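**Q** So that we are looking at the same thing, I have put the structure below in structure tokens.
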Amino acid sequence: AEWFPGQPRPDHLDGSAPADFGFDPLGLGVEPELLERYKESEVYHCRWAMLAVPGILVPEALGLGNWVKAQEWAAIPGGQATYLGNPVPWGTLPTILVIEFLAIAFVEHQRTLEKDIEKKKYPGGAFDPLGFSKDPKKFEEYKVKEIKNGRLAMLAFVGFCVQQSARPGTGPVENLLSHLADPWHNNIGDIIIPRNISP
Amino acid sequence: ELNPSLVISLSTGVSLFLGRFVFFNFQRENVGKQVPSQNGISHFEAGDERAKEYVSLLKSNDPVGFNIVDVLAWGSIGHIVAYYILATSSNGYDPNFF
Amino acid sequence: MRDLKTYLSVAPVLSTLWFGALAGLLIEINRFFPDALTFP
Amino acid sequence: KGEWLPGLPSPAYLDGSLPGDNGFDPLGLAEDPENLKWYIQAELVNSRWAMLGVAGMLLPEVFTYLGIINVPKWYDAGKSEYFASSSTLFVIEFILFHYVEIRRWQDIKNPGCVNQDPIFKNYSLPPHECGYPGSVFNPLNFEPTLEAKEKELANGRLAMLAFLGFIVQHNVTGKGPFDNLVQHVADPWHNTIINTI
Amino acid sequence: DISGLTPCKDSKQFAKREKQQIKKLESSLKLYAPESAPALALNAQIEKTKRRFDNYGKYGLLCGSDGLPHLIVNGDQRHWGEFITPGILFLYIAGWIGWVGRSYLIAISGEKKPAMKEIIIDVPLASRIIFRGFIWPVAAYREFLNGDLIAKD
Ligand code: CLA
Ligand code: CLA
Ligand SMILES: CC(/C=C/C=C(C)/C=C/[C@@]12O[C@]1(C)C[C@@H](O)CC2(C)C)=C\C=C\C=C(C)\C=C\C=C(C)\C=C\[C@@]12O[C@]1(C)C[C@@H](O)CC2(C)C
Ligand SMILES: CC1=C(/C=C/C(C)=C/C=C/C(C)=C/C=C/C=C(C)/C=C/C=C(C)/C=C/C2=C(C)CCCC2(C)C)C(C)(C)CCC1
Ligand SMILES: CCCCCCCS[C@@H]1O[C@H](CO)[C@@H](O)[C@H](O)[C@H]1O
């Protein structure tokens with residue numbers, strides 16, 4: 001389909017790619033190589049954003065804290081972490097920083113020795129143990145579903161960040177419950193119009 | 001209370017491991033494309049005899065070509081990190097954010 | 001008559017008439033609305 | 001095709017084919033055809049909104065003066081208490097209009113893009129003229145004759161002038177339109193714009 | 001208030017300035033008969049000063065530690081009458097002038113010797129053009145979309 005009904009689609013976007021709805025007003029993907037890089041970047045971003053949403057929502061829904069509150073055990077000299085209400089014996093900032101740096105630097109490396117363009121985004125193999133990708137038609141439709149769900153997760157991350165900035169000290173689940181309490185008074189309106197009656 | 005020898009040795013070891021097994025390929029493929037040159041030719045080819053590269057110094061019997069210059073660079077990075085850790089842990093700085 | 005109207009359309013004469021009218025307008029505005037620092 | 005000023009020739013681009021053409025363009029705003037096509041749509045939508053606005057300010061005040069209903073003034077209805085608070089209402093209005101006005105704009109850019117609805121692809125708007133959708137927007141099937149368009153444009157222009165009069169009268173008197181009319185008709189020769197200055 | 005300034009209705013230096021101005025004006029009043037025309041003219045100046053200071057008090061201006069009004073430009077919604085509204089009015093008048101000039105320069109461009117209409121002005125043509133600046137924002141915008149504003153060389 002098309003993102004803007006009644007608008008001609010750009011020449012460099014012909015709809016053959018998964019989830020291609022002809023959205024590129026600024027013309028960032030005119031160069032084919034840049035478009036190919038952007039595709040893999042978008043899929044990699046979508047997967048991280050999709051992983052983030054349950055990890056932001058579930059701990060707060062269980063009362064374990066808040067996606068912003070959970071990061072403030074650091075910035076305290078004696079700070080120790082907590083998992084499901086249980087202290088982490090090694091959960092101190094200098095240790096976790098080194099472990100995170102080493103592990104992520106090692107796994108992001110050797111993601112880069114993959115030179116086949118199609119397998120930079122869809123490696124398969126050990127990452128596809130159940131074999132969903134063997135059927136080509138199903139593989140293509142699953143690609144479309146992955147990109148479409150990822151875009152929604154990306155938008156939800158911005159929702160989380162802007163809600164946190166707009167209402168400090170609150171969480172996404174708290175915001176949803178507050179809206180569901182009085183939907184006609186707890187909205188975005190008192191934030192874009194910040195309680196300032198001009199007359 | 002932090003042992004200086006342990007911290008320095010561990011940081012140097014980690015830096016050398018990263019430089020030898022993780023970031024080696026990127027560094028080599030980047031130095032391959034950046035050779036200083038003036039007017040389309042290298043400094044030595046221009047006539048600067050003091051700009052000749054030391055072939056007898058950069059060669060090594062490492063299976064991937066790790067040499068003394070890589071050791072010096074990654075060890076300097078490891079020592080810098082180690083001394084940052086020691087100097088940042090000894091002080092009692094508390095950013096009172098919360 | 002035509003030539004005199006052509007002369008009165010020359011740049012200096014039109015300029016002095018226009019700036020005289022402007023000066024009179026501004027002077028009368030300042031006479032009836034003096035000492036204006038802001039716009040109420 | 002009439003003359004807004006008897007004697008003045010009509011501009012060349014005003015051919016007398018458009019509804020409501022009286023040769024009125026002293027400032028040459030519609031000389032470029034691309035600008036005239038835009039100004040036709042602008043006039044239609046502004047007249048249509050001003051019509052409803054003038055009705056909304058006038059009629060409930062007339063019915064309040066007669067005692068049938070009791071509603072606040074048009075300039076005072078804003079700070080009344082409703083079920084949804086002003087900011088929420090504004091946000092809903094912004095979203096709904098951001099949809100409908102872009103749908104309308106796509107038709108101005110090219111005539112026949114947005115005739116088909118997305119959700120129920122079975123239906124579609126029959127081909128029409130810009131600013132005159134019809135079909136669903138004309139449920140009672142009133143025929144769009146030249147007379148009807150001329151009446152619509154005349155009443156719309158009168159409505160825009162009425163809206164401007166309402167705004168200036170409230171700014172310079174502080175009261176509503178109908179009470180200004182009552183005060184004037186009570187003693188016409190001492191209740192004019194001169195006595196308010 | 002803003003930037004440590006106090007409103008001129010509260011500041012004592014403003015009132016002291018007003019008192020000293022009236023005292024300076026009243027010293028020359030002693031040299032004339034109470035009924036003479038110079039005595040009538042200095043009294044008008046005294047009333048003008050009183051009205052000026054009362055207006056500066058009423059408009060809600062901010063005064064420094066010197067008793068003089070200070071302008072606030074940053075964009076405060078209670079100080080728009082000092083820069084924002086006058087600036088908008090100036091930008092409306094200047095755009096009017098510029099647009100009327102541009103239209104007249106365009107109208108005489110296609111003639112045999114167009115330099116003669118630049119020293120001897122075609123007054124009827126100028127009269128035609130002049131009142132088109134009342135809607136100058138609309139036309140200036142509209143030639144931006146179409147592309148009749150900027151010469152693409
Ligand atoms: C739409 C037409 C219209 C009508 C019927 C009225 C009617 C009235 N106006 Mg009014 N007015 C209008 C437009 C209109 N106005 C516009 C557009 C403005 C903005 C400039 C004003 C600004 C205005 C002020 C500032 C004041 C009035 C006042 C009044 C009332 C008595 C004094 C008077 O009429 O002289 C003044 C009338 C005018 C200045 C209007 C001239 C401009 C319009 C466009 C004339 C058009 C004539 C039109 C063809 C007639 C249509 C008749 C039709 C309805 C049958 C009277 C009820 C006075 C009032 O409320 O005191 C009781 C008052 O103080 N009006
Ligand atoms: C049609 C009139 C007109 C227009 C539209 C412009 C427009 C422009 N001039 Mg400009 N200019 C003009 C006349 C005009 N000028 C005259 C007569 C002179 C000689 C004194 C200059 C000297 C001049 C210089 C030295 C510079 C500009 C610059 C500019 C540009 C930036 C704005 C600016 O700095 O304004 C400032 C404008 C002036 C200082 C001169 C204004 C003179 C009056 C107000 C204009 C009167 C026009 C005419 C007499 C009225 C026509 C009447 C007709 C209906 C019969 C802008 C494109 C600047 C530029 O290129 O940067 C982008 C720049 O550095 N102009
Ligand atoms: C749309 C409109 C008004 C809409 C009003 C609305 C929705 C009101 C809503 C409310 O009241 C209610 C319902 C209930 C209240 O509780 C709340 C509010 C919100 C207050 C006015 C348009 C008003 C539009 C107007 C007045 C336009 C006038 C334009 C003119 C006269 C131009 C003339 C020229 O352009 C030509 C024709 C030819 C050129 O050559 C020469 C010149 C002269 C330049
Ligand atoms: C042979 C061999 C081996 C071994 C190796 C080794 C063991 C090496 C080592 C190496 C090393 C061991 C190196 C080191 C280096 C170091 C360095 C290079 C350092 C530097 C330093 C610095 C640079 C410092 C600085 C400073 C100062 C001076 C002062 C204080 C502060 C600071 C820190 C800044 C193996 C078994 C593996 C295998 C094969 C065989
Ligand atoms: C107030 C608007 C009308 C003012 C008319 C004044 C004279 S108009 C005058 O006529 C001359 C020929 O007689 C022309 O040469 C000249 O260009 C023209 O400006």
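By convention in this document, the chains of the structure tokens carry letters A, B, ... by their order, each chain's residues are numbered from 1, and ligands are numbered from 1 in the order they are shown.
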Where does chain E meet ligand 3 within 12 Å, residue by residue, with the nearest atom pair and distance in Å to one decimal for each, counting only C-alpha atoms and all ligand atoms, listed by chain and rising number, as CSV?

**A**
residue,atom,partner,partner_atom_place_in_ligand_line,distance
E:131,CA,ligand 3,44 (C),9.7
E:132,CA,ligand 3,44 (C),8.4
E:133,CA,ligand 3,44 (C),10.0
E:134,CA,ligand 3,44 (C),7.7
E:135,CA,ligand 3,44 (C),6.4
E:136,CA,ligand 3,44 (C),10.0
E:137,CA,ligand 3,44 (C),11.5
E:138,CA,ligand 3,44 (C),9.7
E:139,CA,ligand 3,44 (C),10.6

**Q** Once you have the residues from the selection above, write them out as an mmCIF file, in the first residue's frame, restricted to N, CA, C and O atoms.

**A**
data_model
loop_
_atom_site.group_PDB
_atom_site.id
_atom_site.type_symbol
_atom_site.label_atom_id
_atom_site.label_comp_id
_atom_site.auth_asym_id
_atom_site.auth_seq_id
_atom_site.Cartn_x
_atom_site.Cartn_y
_atom_site.Cartn_z
ATOM 1 N N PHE E 131 -2.094 50.614 -2.884
ATOM 2 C CA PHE E 131 -3.044 49.998 -1.972
ATOM 3 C C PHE E 131 -3.033 48.477 -2.044
ATOM 4 O O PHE E 131 -3.876 47.831 -1.416
ATOM 5 N N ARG E 132 -2.091 47.893 -2.782
ATOM 6 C CA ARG E 132 -1.901 46.452 -2.814
ATOM 7 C C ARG E 132 -1.043 45.952 -1.660
ATOM 8 O O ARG E 132 -0.901 44.738 -1.487
ATOM 9 N N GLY E 133 -0.472 46.855 -0.870
ATOM 10 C CA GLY E 133 0.353 46.463 0.254
ATOM 11 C C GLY E 133 -0.462 46.130 1.484
ATOM 12 O O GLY E 133 0.066 45.598 2.465
ATOM 13 N N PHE E 134 -1.757 46.448 1.444
ATOM 14 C CA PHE E 134 -2.644 46.101 2.548
ATOM 15 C C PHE E 134 -2.782 44.592 2.690
ATOM 16 O O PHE E 134 -3.054 44.091 3.787
ATOM 17 N N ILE E 135 -2.577 43.854 1.602
ATOM 18 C CA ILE E 135 -2.644 42.399 1.609
ATOM 19 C C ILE E 135 -1.288 41.836 1.208
ATOM 20 O O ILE E 135 -1.202 40.736 0.652
ATOM 21 N N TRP E 136 -0.224 42.587 1.488
ATOM 22 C CA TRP E 136 1.109 42.144 1.094
ATOM 23 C C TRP E 136 1.516 40.789 1.675
ATOM 24 O O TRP E 136 2.195 40.041 0.952
ATOM 25 N N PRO E 137 1.194 40.420 2.925
ATOM 26 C CA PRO E 137 1.593 39.081 3.387
ATOM 27 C C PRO E 137 1.025 37.958 2.542
ATOM 28 O O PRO E 137 1.752 37.006 2.233
ATOM 29 N N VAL E 138 -0.240 38.058 2.131
ATOM 30 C CA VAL E 138 -0.864 36.994 1.353
ATOM 31 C C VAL E 138 -0.189 36.828 -0.001
ATOM 32 O O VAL E 138 0.179 35.712 -0.381
ATOM 33 N N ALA E 139 -0.006 37.919 -0.742
ATOM 34 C CA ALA E 139 0.659 37.860 -2.035
ATOM 35 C C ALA E 139 2.117 37.441 -1.925
ATOM 36 O O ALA E 139 2.593 36.656 -2.755
#

**Q** Applying 10 Å and only C-alpha atoms, which residues near residue 11 of chain B remain after dropping the ones on its own chain fewer than 6 positions away? List them as a list in words.

**A**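 The residues satisfying every condition are residues 5, 17, 74, 75, 76, 77, 78, 79, 80, 81, 82, 83 and 85 of chain B.
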
**Q** Pick out the residues no farther than 9 Å from ligand 5, counting only C-alpha atoms and all ligand atoms, and list them as a PDB file with N, CA and C atoms, in the first residue's frame.

**A**
ATOM      1  N   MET C   1       0.222  72.566 -19.038  1.00  0.00           N
ATOM      2  CA  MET C   1      -0.621  71.849 -18.088  1.00  0.00           C
ATOM      3  C   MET C   1      -0.134  70.417 -17.964  1.00  0.00           C
ATOM      4  N   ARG C   2      -0.078  69.732 -19.106  1.00  0.00           N
ATOM      5  CA  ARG C   2       0.495  68.392 -19.143  1.00  0.00           C
ATOM      6  C   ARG C   2       1.963  68.416 -18.739  1.00  0.00           C
ATOM      7  N   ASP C   3       2.716  69.395 -19.246  1.00  0.00           N
ATOM      8  CA  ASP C   3       4.134  69.494 -18.920  1.00  0.00           C
ATOM      9  C   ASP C   3       4.341  69.822 -17.447  1.00  0.00           C
ATOM     10  N   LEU C   4       3.473  70.655 -16.872  1.00  0.00           N
ATOM     11  CA  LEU C   4       3.595  70.977 -15.454  1.00  0.00           C
ATOM     12  C   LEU C   4       3.268  69.769 -14.582  1.00  0.00           C
ATOM     13  N   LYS C   5       2.266  68.976 -14.972  1.00  0.00           N
ATOM     14  CA  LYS C   5       1.999  67.733 -14.255  1.00  0.00           C
ATOM     15  C   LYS C   5       3.165  66.762 -14.381  1.00  0.00           C
ATOM     16  N   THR C   6       3.815  66.729 -15.548  1.00  0.00           N
ATOM     17  CA  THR C   6       5.005  65.900 -15.701  1.00  0.00           C
ATOM     18  C   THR C   6       6.123  66.369 -14.779  1.00  0.00           C
ATOM     19  N   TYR C   7       6.308  67.685 -14.665  1.00  0.00           N
ATOM     20  CA  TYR C   7       7.334  68.215 -13.773  1.00  0.00           C
ATOM     21  C   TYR C   7       7.027  67.914 -12.312  1.00  0.00           C
ATOM     22  N   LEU C   8       5.763  68.024 -11.903  1.00  0.00           N
ATOM     23  CA  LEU C   8       5.404  67.716 -10.523  1.00  0.00           C
ATOM     24  C   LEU C   8       5.533  66.237 -10.193  1.00  0.00           C
ATOM     25  N   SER C   9       5.726  65.378 -11.192  1.00  0.00           N
ATOM     26  CA  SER C   9       5.963  63.958 -10.976  1.00  0.00           C
ATOM     27  C   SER C   9       7.446  63.617 -10.928  1.00  0.00           C
ATOM     28  N   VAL C  10       8.323  64.618 -11.018  1.00  0.00           N
ATOM     29  CA  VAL C  10       9.756  64.368 -10.928  1.00  0.00           C
ATOM     30  C   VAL C  10      10.108  63.970  -9.501  1.00  0.00           C
TER      31      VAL C  10
ATOM     32  N   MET E 116      13.182  56.325 -17.379  1.00  0.00           N
ATOM     33  CA  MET E 116      12.455  57.584 -17.296  1.00  0.00           C
ATOM     34  C   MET E 116      11.291  57.533 -16.320  1.00  0.00           C
ATOM     35  N   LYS E 117      10.748  56.347 -16.050  1.00  0.00           N
ATOM     36  CA  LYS E 117       9.714  56.177 -15.041  1.00  0.00           C
ATOM     37  C   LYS E 117      10.301  55.993 -13.650  1.00  0.00           C
ATOM     38  N   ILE E 120      11.000  60.290 -13.338  1.00  0.00           N
ATOM     39  CA  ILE E 120       9.683  60.907 -13.438  1.00  0.00           C
ATOM     40  C   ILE E 120       8.668  59.800 -13.192  1.00  0.00           C
ATOM     41  N   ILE E 121       8.063  59.806 -12.006  1.00  0.00           N
ATOM     42  CA  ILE E 121       7.232  58.688 -11.577  1.00  0.00           C
ATOM     43  C   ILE E 121       5.862  58.775 -12.231  1.00  0.00           C
ATOM     44  N   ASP E 122       5.399  57.652 -12.776  1.00  0.00           N
ATOM     45  CA  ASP E 122       4.038  57.549 -13.293  1.00  0.00           C
ATOM     46  C   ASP E 122       3.088  57.479 -12.104  1.00  0.00           C
ATOM     47  N   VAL E 123       2.565  58.630 -11.695  1.00  0.00           N
ATOM     48  CA  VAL E 123       1.764  58.753 -10.476  1.00  0.00           C
ATOM     49  C   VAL E 123       0.492  57.910 -10.530  1.00  0.00           C
ATOM     50  N   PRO E 124      -0.268  57.873 -11.635  1.00  0.00           N
ATOM     51  CA  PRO E 124      -1.431  56.969 -11.665  1.00  0.00           C
ATOM     52  C   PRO E 124      -1.072  55.508 -11.453  1.00  0.00           C
ATOM     53  N   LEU E 125       0.028  55.040 -12.043  1.00  0.00           N
ATOM     54  CA  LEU E 125       0.455  53.662 -11.837  1.00  0.00           C
ATOM     55  C   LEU E 125       0.812  53.423 -10.375  1.00  0.00           C
ATOM     56  N   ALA E 126       1.497  54.385  -9.756  1.00  0.00           N
ATOM     57  CA  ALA E 126       1.815  54.276  -8.337  1.00  0.00           C
ATOM     58  C   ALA E 126       0.551  54.252  -7.488  1.00  0.00           C
ATOM     59  N   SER E 127      -0.449  55.056  -7.852  1.00  0.00           N
ATOM     60  CA  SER E 127      -1.715  55.049  -7.128  1.00  0.00           C
ATOM     61  C   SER E 127      -2.393  53.693  -7.242  1.00  0.00           C
ATOM     62  N   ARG E 128      -2.306  53.075  -8.419  1.00  0.00           N
ATOM     63  CA  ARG E 128      -2.831  51.726  -8.592  1.00  0.00           C
ATOM     64  C   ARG E 128      -2.117  50.736  -7.677  1.00  0.00           C
TER      65      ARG E 128
END

**Q** For residue 66 of chain B, please output as a PyMOL selection string all residues within 12 Å (counting only C-alpha atoms; exclusion window: fewer than 6 positions along the same chain).

**A** chain B and resi 16-17+19-21+23-25+27-28+57-60+72-74

**Q** For C-alpha atoms, I'd like the residues from the last selection saved as a compact mmCIF listing (two decimals), in the first residue's frame.

**A**
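Output file again.txt follows:
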# COMPACT_ATOMS: atom_id res chain seq x y z
CA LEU B 16 45.94 -6.49 24.91
CA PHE B 17 43.28 -9.18 24.47
CA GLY B 19 43.63 -5.35 20.59
CA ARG B 20 44.76 -8.83 19.55
CA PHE B 21 41.44 -10.68 19.18
CA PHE B 23 39.73 -4.82 17.23
CA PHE B 24 42.71 -6.17 15.26
CA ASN B 25 40.99 -6.49 11.87
CA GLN B 27 42.74 -1.39 12.98
CA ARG B 28 44.70 -3.18 10.25
CA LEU B 57 61.00 -2.99 13.80
CA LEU B 58 57.37 -3.67 12.85
CA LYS B 59 57.94 -7.26 11.74
CA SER B 60 57.10 -10.08 14.15
CA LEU B 72 52.98 -0.41 23.40
CA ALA B 73 49.73 1.20 22.23
CA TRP B 74 47.37 -1.26 23.89

**Q** Given a cut-off of 6 Å, what residues near ligand 2 show up using only C-alpha atoms and all ligand atoms, put as a list in words?

**A**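 Sorted by chain and then by number, the residues are residues 98, 100, 101, 102, 104 and 126 of chain E.
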
**Q** Name each residue within 10 Å of ligand 1, counting only C-alpha atoms and all ligand atoms, as number ranges by chain.

**A** D: 157-197

**Q** Grab the atom CA of residue 190 of chain A to atom CA of residue 166 of chain A distance for me, in Å with one decimal place.

**A**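 A separation of 10.3 Å between them.
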